[PDB]
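Novice: this one's a deposited entry, sequence included:
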Amino acid sequence: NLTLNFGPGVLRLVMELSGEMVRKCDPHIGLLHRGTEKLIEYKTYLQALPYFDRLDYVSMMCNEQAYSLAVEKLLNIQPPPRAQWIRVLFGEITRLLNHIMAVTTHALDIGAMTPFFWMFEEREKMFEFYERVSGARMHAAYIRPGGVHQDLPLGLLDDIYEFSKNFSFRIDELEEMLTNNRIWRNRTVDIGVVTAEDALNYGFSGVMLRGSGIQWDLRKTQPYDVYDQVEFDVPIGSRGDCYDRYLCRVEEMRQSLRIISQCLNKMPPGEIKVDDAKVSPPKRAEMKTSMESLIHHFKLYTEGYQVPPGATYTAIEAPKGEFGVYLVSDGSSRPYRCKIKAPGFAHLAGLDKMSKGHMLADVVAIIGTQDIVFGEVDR
Amino acid sequence: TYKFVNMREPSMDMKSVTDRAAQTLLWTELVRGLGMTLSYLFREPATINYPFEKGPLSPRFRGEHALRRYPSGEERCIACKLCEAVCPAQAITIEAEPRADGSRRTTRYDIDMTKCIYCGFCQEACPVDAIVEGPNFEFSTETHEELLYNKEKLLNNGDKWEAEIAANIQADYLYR
Amino acid sequence: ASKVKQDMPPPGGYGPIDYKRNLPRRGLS
Amino acid sequence: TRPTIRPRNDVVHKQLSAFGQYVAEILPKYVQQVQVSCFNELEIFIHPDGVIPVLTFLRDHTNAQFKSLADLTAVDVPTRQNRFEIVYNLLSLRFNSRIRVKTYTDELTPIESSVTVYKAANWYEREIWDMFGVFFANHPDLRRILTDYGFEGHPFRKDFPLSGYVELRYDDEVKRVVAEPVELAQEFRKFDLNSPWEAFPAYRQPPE
Amino acid sequence: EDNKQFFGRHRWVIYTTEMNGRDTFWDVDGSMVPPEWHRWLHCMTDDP
Amino acid sequence: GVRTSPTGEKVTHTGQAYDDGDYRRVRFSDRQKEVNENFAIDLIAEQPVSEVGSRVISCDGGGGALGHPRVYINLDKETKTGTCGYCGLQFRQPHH
Amino acid sequence: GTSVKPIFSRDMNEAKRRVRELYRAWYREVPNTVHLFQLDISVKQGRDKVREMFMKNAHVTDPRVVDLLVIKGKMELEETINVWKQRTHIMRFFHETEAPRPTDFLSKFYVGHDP
Amino acid sequence: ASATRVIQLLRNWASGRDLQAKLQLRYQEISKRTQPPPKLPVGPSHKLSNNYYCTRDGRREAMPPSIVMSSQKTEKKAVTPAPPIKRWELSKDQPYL
Amino acid sequence: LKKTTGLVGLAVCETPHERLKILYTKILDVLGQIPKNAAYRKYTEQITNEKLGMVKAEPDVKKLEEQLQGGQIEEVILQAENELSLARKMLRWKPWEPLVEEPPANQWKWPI
Amino acid sequence: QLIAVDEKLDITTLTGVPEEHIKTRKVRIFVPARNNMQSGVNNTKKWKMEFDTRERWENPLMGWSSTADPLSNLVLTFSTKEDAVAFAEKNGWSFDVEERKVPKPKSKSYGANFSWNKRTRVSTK
Ligand code: SF4
Ligand code: SF4
Ligand SMILES: [Zn+2]
């Protein structure tokens, strides 16, 4: 019964093995602990928004949306309808990005490595969408606690439609490479099986629940924005292993395509941030012509808006699971406390029980099926 | 509404079992994957010929910072310190005093590019379009010191890139 | 004079977007 | 209440108030306060001795079944005699509801570990111990989880400075990474942003 | 330009063999493009 | 309108130049000192004074929403000219 | 008065016993630490450093503080034994790169404004 | 795509589908990189009258949380935090995969 | 009878009515030892008697699942066992007694 | 179950603060004075704890402002003076406390602006 230290995204793993079997597996984290939560207390709410881009850096606008929803709830305001539709559209695009990354990185770690390139071409196209709407490819800072920063450019919807109508064939090529392959099935079937009750007690969420047959999805049970106005299906697993979770992720990619089609067809007209200049900055022309607009611009960009005192826990169905924020306001323009809840934290904490009685080569598969990014785990 | 991803039970009819046995013994799905890779070999690759070909960008793109001026050549910055106040990374350092003609101007305007997160909050906080994020992104450096920009460097960047900067601002200002 | 102009879907909407899994059976017993 | 104001839900408010009174009636030994916020969030303020009973109740009672522990964290308030407040966020899937349980402690009073109620608590408690210095009794293995090895202090405390006390560099004389007292070429710029002229009359405190 | 090529390969620049002071027959880099052609070449605009 | 130091360094528009005893000059050896050649004060000094037949004029810097905030300038004093606080442009009433 | 909840020890004697146990464990471990990390110090100065770090807290008269210190020291010992630390972490106890600071009034006068 | 007929047939037969119908490379079907100017409407608070800020002030309508059961100051049926969740339905679009 | 309840680790129970009756009678037996004035005893007795009557007035399993508002009688049995365990632990804890002690004067005052 | 210990609270050894940043610093406990540029009083409500000012020097490159003391930006907020004293005492910091300054009530009378025989009569309004 020897000990192995598989050290240096970046993870240290201390495990005891007897022969080939894994007897114990303790992850050591903190190699990407940046002290985000302490840094946020020294910023205004707008200044704190861009940290959520860097929390889970495969799904940026989803973290943006969660933070914005928390601040909106504390502010007792609501975004305009068009902003909500834009938010849900880009949230589904972000879900597509995250699921591509998760599945192709899983396959590459197993050894496939061709679908990685095949689908990172599509990832580059969606990065183009991000850049055209915000000017940045990944760290976008587009979704604000009053709506969105800017309206869409005049030809963006057409190009999103053109992209989304060919993506199903790319998913089909992915499935042709992976779904029915006997080597992939032997690497994934009956690996990392977790029961429903254990998954509930261990704090799992998202696919890690739905793979075990739990019928739960935050966009269906606790809808935010315009989600209750779109229809889609929730894929549900049956054996609670890596193979069922992979199938669930592919099906969620397809359902994201469905939701994106609906969002494209029902995009409404109007403004894109809340018409309340004490929260959302005025337009540049108004700022340069009106006294109140100039004053409110000055104060919003120097002091920031004050948030009434109180505490909220706001959670969303991020592509990796339930992503939450416990936000405490003391009445000023800077948050008093911001605790970030990342699903990968609980998933990595459950890695030890998920890898009991398995081979060393199965720990990589379990890590890939947990969909871990250490930016959100360490914060 | 929910769907089952893996809830199908295989047929027990002799034909289904023989088809599964043929799949096991003759490796039909492996041949199918090989055919997929073969078909992908014969389609045109997505590679562009950098640096002779470039990646498409938008007028909203955030690149290297620049300081602008009016058509008269007088600088737009009037040292309000709004960009310094809003900078999430505290990357802007500003010092100001009355000029020899009584004008409100800066004597120090520094941006530490190794602290900057390129969020563009400074250009949207500016009331006179003085500080902007330009279109240039190919400004890698061999030392850490050359990435600490002072006012002369930013004014030189503005004078270098003003044509493209003005065209981009003209293209995008009706959304701002 | 000028009326509102912003990025909108075309009149009549967009064409149907395929999303269902399509893995055909080539065919040989 | 025109389109810029968040709409409010009275039915959920009434339901959460009723469940709060129900919980308080069932467990009067530990419950000190029950609150429902204007955005329909129910929190229960309890005595520290009731961490294990109350949580167990909320997990196992047929009328609660809060089977999911969404988050466990701490908040540091230096002005209170009991410095730290411990916040449990619980999710019930059977009734599609959320609840929050608060308790308090100081630098020297242990808090019972809730790993026997929720397995998810383990790492969370470690994180609390790492960032605030709150000790949890009967924890299976309590140790640092986020900070560097041998790191001194608890950085999420309010009196802990933002940049800490030491910084790291590589030294060629001893051929290794060494830690030295922190020196910044540019000091962090402290801003005084709070304005006079209070913003919210509804939260005004008595002038005492 | 060649509009029959796919997007990203439909526009390109052949660099000069001698810029301000150095020989650029072999040593070329993307920063040699002036800003106006830089705007055209990155497809920020449709007009050269 | 750039000048030169008695040592040889160029003087910036802010008037900066290392003195003769300063060691920091060593940073420019085998290298250059970045100086912007276009001095804004001299460039704004060359603009002609605009003539308006009104007591109050408005300035936004030109270009509408692409300029600066719109400000109003009083031209009652004949001793001097009205100067915009953002742009530096000058206005006067037609004396004589 | 002032009744407080214990951590581990009801009074000072139990805390002292736990302190002695922790000190015994560190003293036993020091030679293994010196050999296994390939340190350039002797066992004697390693044990001297252990003694100095114990004596730094010798003024504490509160059992809760004492056994919290013991819990932290046990955490440090567990980090050292399992080789979770590197050589740099072990060597940080000695500050071999930090320049010496004079405690004299004149020297502190000469160097700067810091008392 | 400028691929010969024989190469198109070979790649189609190897892939098992028609590839020219859904190409992963983009062509003239994308939108132009120069667009007409937008107009960008205004929001509902842009009225010249009947538009006092006190009637549309979200932040000032927030209040401190309602206190039930402060410990410092009938049949009685049992209650739950919310009504039990209703069972999901089985996707009368594609129930099984 | 059905197979594969759909949750991993939750086995199908044959004859769940007898199991439910036994569990509910055990829960009532444990609740009998709690003081009558305790709110937990009366509330849980109300809930348990309601469910016991519901299972005693319905032989069908799907209709019972619809009427019990729990669904998947197996997880209803799981919840009944959880309630029994809680009842024993709560008899041990005796939380019907008055509050242990009040918090300090401004322990819950927010802001500051 | 209760130790019933009788001693002053001291958590100095547990906070990880370096030795010379405990017994060398001097904290100030005070209600901040109102900014004379404005009339609002909302910033004169709470008690502040702040450390003594240390040396700031000029960075030889770029001329920035450099410091070497980690507590230069540390300001703590307290409801009462007693809370701040308790925190400083348990943290081992020597402190100076200043009593709160309160504007004394003033007698204001608009009618005195127009006085028959007093000097309070104004020459303009
Ligand atoms: S882009 Fe953002 S981080 Fe960079 S200088 Fe501007 S405001 Fe600061
Ligand atoms: S660049 Fe703009 S925002 Fe910054 S100080 Fe100058 S005028 Fe103000
Ligand atoms: Zn002007």
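Specialist: Thanks, I have it. Numbers count the residues shown, from 1 in each chain, chains lettered A, B, ... in the order given. Ligands and ions are numbered 1, 2, ... in the order given.

Novice: and residue 25, which helix or strand is it part of?
Specialist: Reading this off chain A. strand A:21-28 (DSSP states H and E).

Novice: wait, chain G was what I had in mind.
Specialist: Short version, using DSSP H and E: residue G:25 is in helix G:12-36.

Novice: report the buried residues of the helix or strand following that helix.
Specialist: Scanning forward in sequence from helix G:12-36 by DSSP H and E, the next helix or strand is helix G:43-55. For helix G:43-55, the neighbour count (16 or more other CB atoms under 10 Å in any protein chain shown) marks G:46, G:50, G:54 as buried. The C-beta positions use only the backbone N, C-alpha and C, and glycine is treated the same way.

Novice: contacting residues around the nearest residue to residue D:116 once chain neighbours are set aside?
Specialist: Spatially, and ignoring its direct neighbours in sequence, residue D:116 is nearest to residue D:52 (7.4 Å; CB to CB, 6 or more residues apart in numbering or on different chains). Going by CB atoms under 8 Å, 6 or more residues apart in numbering or on different chains, residue D:52 touches D:112, D:114, D:116, D:117.

Novice: do stretch A:348-356 and chain I meet at all?
Specialist: No. Counting by CB under 8 Å from any CB of the partner chain, no contacts exist between stretch A:348-356 and chain I, the nearest distance being 12.6 Å.

Novice: kindly export that stretch (C-alpha atoms) in CSV.
Specialist: Extracted in CSV, the C-alpha atoms of stretch A:348-356 (Å, rounded to 0.1, in the frame of the first residue of the first chain):
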residue,chain,number,x,y,z
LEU,A,348,-14.1,17.8,-5.7
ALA,A,349,-14.9,17.1,-2.1
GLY,A,350,-16.9,14.1,-3.2
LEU,A,351,-14.1,12.8,-5.5
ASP,A,352,-12.7,10.7,-2.6
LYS,A,353,-15.9,8.7,-2.3
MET,A,354,-16.5,8.5,-6.0
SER,A,355,-13.1,6.9,-6.7
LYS,A,356,-13.4,4.1,-4.0
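
Novice: run the contact check for that stretch versus chain D.
Specialist: Yes. Part of stretch A:348-356 sits near chain D under the criterion CB under 8 Å from any CB, namely A:348, A:349, A:350.

Novice: the residues you listed in helices, which ones?
Specialist: Assignment to helices by DSSP state H places the following of the residues of stretch A:348-356 next to chain D there: A:348, A:349, A:350.

Novice: picking up where we left off before, am I right that the residue nearest to residue D:116 falls within a strand?
Specialist: No. Counting by DSSP: H, G, I helix; E, B strand; the rest coil, residue D:52 falls outside a strand, being helix.

Novice: remind me what the longest helix anywhere in chain B packs against, helices and strands.
Specialist: Secondary structure assigned by DSSP H gives helix B:151-172 as the longest helix of chain B. When contacts are defined as 3 or more CB pairs under 8 Å, 6 or more residues apart in numbering or on different chains; DSSP states H and E, helix B:151-172 packs onto strand B:65-67, strand B:104-112, strand B:131-133, helix E:35-41.

Novice: list the contacts of the one residue in chain I that gets nearest to chain C.
Specialist: Residue nearest to chain C within chain I: residue I:6 (21.8 Å; CB to the nearest CB). By CB under 8 Å, 6+ apart, residue I:6 lies in contact with A:213, A:236, A:238, I:72.

Novice: and it, its phi and psi?
Specialist: phi 110, psi -20 (degrees, to the nearest 10).

Novice: how about residue A:266?
Specialist: phi -110, psi 30.

Novice: need the contact list for it.
Specialist: Neighbouring residues of residue A:266 by CB under 8 Å, 6+ apart: A:85, A:229.

Novice: next one: the one 5 residues further on
Specialist: With contact set as CB under 8 Å, 6+ apart, residue A:271 has these partners: A:80, A:82, A:83, A:147, H:41, H:42, H:43, H:44.

Novice: for it, give its distance to residue H:46.
Specialist: Distance, residue A:271 to residue H:46, by CB to CB, to the nearest Å: 9 Å.

Novice: for the contacts of residue I:6, which one is nearest residue A:151?
Specialist: Nearest to residue A:151, judged by CB to CB, of the contacts of residue I:6 is residue A:236 at 37.7 Å.

Novice: hmm, what's the outermost residue in chain E?
Specialist: For chain E, the residue at maximal distance from the C-alpha centroid (CA atoms, centre = their mean) is residue E:21, at 19.1 Å.

Novice: residues touching it, list them.
Specialist: Contacts of residue E:21 (CB under 8 Å, 6+ apart): none.

Novice: for the spatially closest residue to residue D:53 that is not a sequence neighbour, grab the count of nearby residues.
Specialist: Excluding the flanking residues, the one nearest residue D:53 by CB to CB, 6+ apart is residue I:93, at 4.9 Å. Number of residues near residue I:93 (other CB atoms under 10 Å in any protein chain shown) recorded here: 20.

Novice: many thanks, we can stop here.
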